[PDB]
Amino acid sequence: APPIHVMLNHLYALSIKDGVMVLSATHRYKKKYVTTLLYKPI
Amino acid sequence: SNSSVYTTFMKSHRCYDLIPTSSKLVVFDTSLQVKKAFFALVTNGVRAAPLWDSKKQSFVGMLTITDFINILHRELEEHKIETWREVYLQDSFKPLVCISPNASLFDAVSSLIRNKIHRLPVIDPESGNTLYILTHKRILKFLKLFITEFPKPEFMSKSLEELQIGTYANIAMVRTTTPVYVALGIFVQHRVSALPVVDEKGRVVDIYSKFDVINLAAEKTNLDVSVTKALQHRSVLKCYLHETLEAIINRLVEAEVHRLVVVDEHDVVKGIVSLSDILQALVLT
Amino acid sequence: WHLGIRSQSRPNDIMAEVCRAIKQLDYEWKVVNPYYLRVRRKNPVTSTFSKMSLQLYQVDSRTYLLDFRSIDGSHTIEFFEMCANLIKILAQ
Ligand SMILES: Nc1ncnc2c1ncn2[C@@H]1O[C@H](COP(=O)(O)O)[C@@H](O)[C@H]1O
Ligand SMILES: Nc1ncnc2c1ncn2[C@@H]1O[C@H](COP(=O)(O)O)[C@@H](O)[C@H]1O
């Protein structure tokens with residue numbers, strides 16, 4: 001049966017709200033960490 | 001190089017050096033309704049956001065309060081960022097101004113000034129990722145940490161008058177009785193961040209920013225109202241020509257404000273010294 | 001903040017659906033595992049490649065979790081867009 005800061009590179013999302021979708025993920029650049037939030041219309 | 005240590009210091013450090021160990025970056029897709037974008041800006045507590053165009057598959061610039069000023073000066077909320085940038089052909093006329101993580105801080109200040117902008121996206125040439133958004137504010141803080149812990153150049157003791165840093169002519173201002181929509185007009189015309197508010201004798205009694213204008217617009221309740229009446233909806237740092245550049249830097253940085261209003265003994269506005277003025281003085285020269 | 005997306009259907013169908021979805025998108029995929037994928041996509045505009053990995057976990061007695069993970073224009077944003085397209089089809 002299917003499998004059961006590792007969150008790195010994984011996709012995260014806020015619940016859609018009033019037409020807009022918010023995607024987010026933490027990526028690493030050298031020794032720094034950037035959590036990016038993208039606001040995009042459905 | 002004591003009298004040019006700061007320029008050398010800025011040349012010797014990369015933009016990557018002042019990026020936090022962990023930071024948050026809010027990005028807007030250009031097809032976002034201008035209304036939603038603003039609320040997104042508010043709820044995340046930021047002033048500006050990089051713009052990603054899905055059609056072009058590229059970052060095409062910044063969404064700043066000035067853009068809202070332009071739009072408002074001219075349904076407005078219902079339209080998409082794209083649409084409004086199109087009206088001004090923003091992409092073509094004023095293309096994205098960015099910088100690499102490995103570029104020097106000196107290049108960051110140079111670029112900010114030369115291009116008369118306030119937001120400078122740090123973009124990795126390798127991945128094309130926007131890493132961080134540079135501001136005079138942030139750069140000055142960084143510089144400060146070095147300033148108050150390294151033997152200061154004699155010119156850091158010289159006064160404001162002696163160094164002639166700041167703008168002391170053509171000063172755009174408002175009067176307490178000035179209608180907000182008039183202030184709006186002088187913002188677009190003079191391309192200036194904030195307006196000193198002067199009383200009947202021309203004494204400064206307040207400051208008025210683009211942010212104030214837009215916040216009032218958000219409330220949606222005409223603009224005819226004077227500036228002081230509008231300023232009551234809210235929720236003045238000044239300097240003298242005989243104060244040391246060091247003392248001005250200190251006041252500007254810990255107040256975490258964007259500029260000081262240079263003023264008379266009677267608090268009559270003589271001029272203005274902004275962060276960009278300081279940077280240009282410390283670094284670019 | 002929710003990690004990935006969820007479904008209470010059957011792992012057979014869930015995986016079947018994603019592949020049907022992946023197909024519409026005209027995306028290259030490679031079954032490394034019955035419930036673990038690997039996707040590619042040449043960028044029609046920048047002419048570059050971007051790749052992510054799908055992986056179906058299991059959360060409770062009857063629920064499943066589909067995980068999106070980026071793999072080392074804009075890498076990050078394109079990762080968001082690849083996912084956004086998938087999640088759109090899946091949500092139909
Ligand atoms: N990094 C940048 N690249 C291109 N345009 C910008 C950048 N930063 C600001 N602008 C534009 O310059 C104008 C003034 O922005 P600001 O000086 O940041 O208030 C606004 O219309 C912005 O859209
Ligand atoms: N109210 C104003 N009137 C005229 N010039 C100004 C005013 N505010 C700022 N400046 C100047 O405009 C330039 C950009 O400043 P800032 O917009 O504050 O970054 C600086 O060199 C300031 O000296």
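Reminder, nothing fancy here: chain letters follow the sequence lines and each chain counts from 1.
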Under 3.5 Å, is there a donor on one side chain and an acceptor on the other for [X] and [Y]?
| X | Y | value |
| --- | --- | --- |
| B:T83 | B:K80 | no |
| A:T36 | A:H27 | no |
| B:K210 | B:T66 | yes |
| B:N215 | B:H233 | no |
| B:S58 | B:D53 | no |
| C:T76 | C:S74 | no |

Please determine whether side chain to side chain contact (heavy atoms under 4.5 Å, CB included) holds for the pair A:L23 and A:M21, giving the CA-CA distance in whole Å, both sets of side-chain angles, and the decisive distance to 0.1 Å. CA-CA 7 Å; A:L23 309 169; A:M21 167 175 55; 3.8 Å; yes
Beyond-backbone contact of A:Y33 with B:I19, side-chain heavy atoms, under 4.5 angstrom: no
Under 4.5 Å between any side-chain heavy atoms of B:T285 and B:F155, yes or no? no
Show your working on side chain to side chain contact (heavy atoms under 4.5 Å, CB included) between B:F187 and B:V192 and close with a plain yes or no. CA-CA 6 Å; B:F187 271 131; B:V192 119; 4.2 Å; yes
What one should report as the nearest heavy-atom pair of B:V205 and B:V198 is CG2-C, 4.3 Å
State, to 0.1 Å, how close B:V26 and B:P50 come at their nearest heavy-atom pair, and which atoms those are. O-CD, 3.2 Å
Report yes or no: is the cationic atom of B:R47 (NZ for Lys, CZ for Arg) closer than 6.0 Å to the six-membered ring centre of B:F211, at no more than 45° off its axis? yes
Using the six-membered ring of C:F80, assess whether NZ or CZ of A:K40 lies under 6.0 Å from its centre and within 45 degrees of the ring axis. no
Could you tell me whether B:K158 and B:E161 make a salt bridge, using a distance below 4.0 angstrom between a side-chain N and a carboxylate O? no
Should B:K141 and B:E256 count as an ion pair when the cut-off is N to O under 4.0 Å? yes
Hey, which of B:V174, B:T176, B:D206 is the one that makes side-chain contact (heavy atoms from CB on, under 4.5 Å) with B:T228? B:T176
Any chance you could lay out the side chain to side chain contact (heavy atoms under 4.5 Å, CB included) test for B:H136 and B:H118, step after step, and finish with the verdict? CA-CA 7 Å; B:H136 291 284; B:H118 290 107; 4.0 Å; yes
Tell me if a side-chain donor or acceptor on [X] pairs with a main-chain N or O of [Y] at a distance below 3.5 Å.
| X | Y | value |
| --- | --- | --- |
| B:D264 | B:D267 | no |
| B:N129 | B:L131 | no |
| B:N2 | B:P151 | yes |
| C:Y27 | C:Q24 | no |

Might you work through the salt bridge (charged side-chain N to carboxylate O under 4.0 Å, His left out) test for B:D91 and B:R85, ending with a clear yes or no? CA-CA 7 Å; B:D91 287 356; B:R85 284 180 74 85; 3.0 Å; yes
Between A:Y29 and B:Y16, does the ring centre distance come in under 6.0 Å? yes
Parallel, tilted or perpendicular for B:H13 and B:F9, by the 30°/60° rule? tilted
Let me see the working for B:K144 and B:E254 under salt bridge (charged side-chain N to carboxylate O under 4.0 Å, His left out), right down to the final yes or no. CA-CA 10 Å; B:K144 242 285 293 192; B:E254 61 188 8; over 6 Å; no
List the steps and the verdict of side chain to side chain contact (heavy atoms under 4.5 Å, CB included) for C:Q55 and C:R69. CA-CA 8 Å; C:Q55 169 64 70; C:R69 188 182 149 98; over 6 Å; no
Can you list everything that forms a ring pair (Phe, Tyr, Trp, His ring centres under 6.0 Å) with B:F38? Sequence neighbours excluded, please. B:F68
